[PDB]
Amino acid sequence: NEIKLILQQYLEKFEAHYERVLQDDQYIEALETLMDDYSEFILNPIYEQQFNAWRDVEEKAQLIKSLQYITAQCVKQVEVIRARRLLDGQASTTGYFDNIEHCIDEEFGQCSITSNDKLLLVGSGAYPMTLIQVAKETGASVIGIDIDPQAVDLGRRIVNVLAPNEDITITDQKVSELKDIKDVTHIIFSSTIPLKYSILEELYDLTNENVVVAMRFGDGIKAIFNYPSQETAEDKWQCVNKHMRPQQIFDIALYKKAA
């Protein structure tokens, strides 16, 4: 009940900060600072307990749902801002970016992806760290898909700056449109994708029998800055590991073939 205020305050701020950042590139610092606070807020044990204590299903669910959407748009823009800034000759980071760009290597596991493997990232974004960091680290081919053309465009330009000689392709194709989906060994889903589990189910018959999927997600209080986990259809995708990260904004669920 008491916490309710904070979330509605965040929702209003994120709504205001987003509209302001679009029309004027002066309120960037404000948005980045807001996301740095939000990132810290969801990793605070105090507010986690307060959040979990709150019950009222309908109202809470709608509030979480409303927060998921606005923060989705904010992450998109914060990536665009970082992309434009790098292209303008200035590397940068934030509390938010520093949090997530840590354990991108060991999302599947330590020394899991080899040189011969091929990773597919669903929802690459304007600043595709995952593509760049995996490509340079493992020396593997990596693909990125995004429904946003701005993300595709900037993504290609950023890849060209940071990893020009690595095998990195980004398109606006869907999993069904990908020609060499059968050769894909690893698949990462971005947390903030509302159709990620819908595309998971689809990818079963498209992918080979040795494929492994890393689904980024956030349950409980993290669900305000993430789309949560879900049950998967029986005798298809099997959750072999749920990787909770108490100091990171998103957790990881590993899916493999049932046989």
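Numbers follow the displayed sequence, beginning with 1.
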Tell me which stretch, 75-83 or 178-186, has the higher mean Cα B-factor listed in the entry. 178-186
Entry B factor averaged over C-alpha atoms, 228-236 against 66-74: higher for 228-236
Per the PDB entry, which option out of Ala151, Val134, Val122, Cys103 has the greatest Cα B factor? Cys103
By the recorded C-alpha temperature factor, relative to the other modelled residues in its chain, which third is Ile199 in? middle
Within-chain third of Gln248 by Cα B-factor, per the entry: lowest
Which third, lowest, middle or highest, does the CA B-factor of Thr114 fall in along this chain? highest
The third of the chain into which the C-alpha temperature factor of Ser39 falls is the lowest
C-alpha B factor of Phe217, ranked within the chain: lowest, middle or highest third? lowest
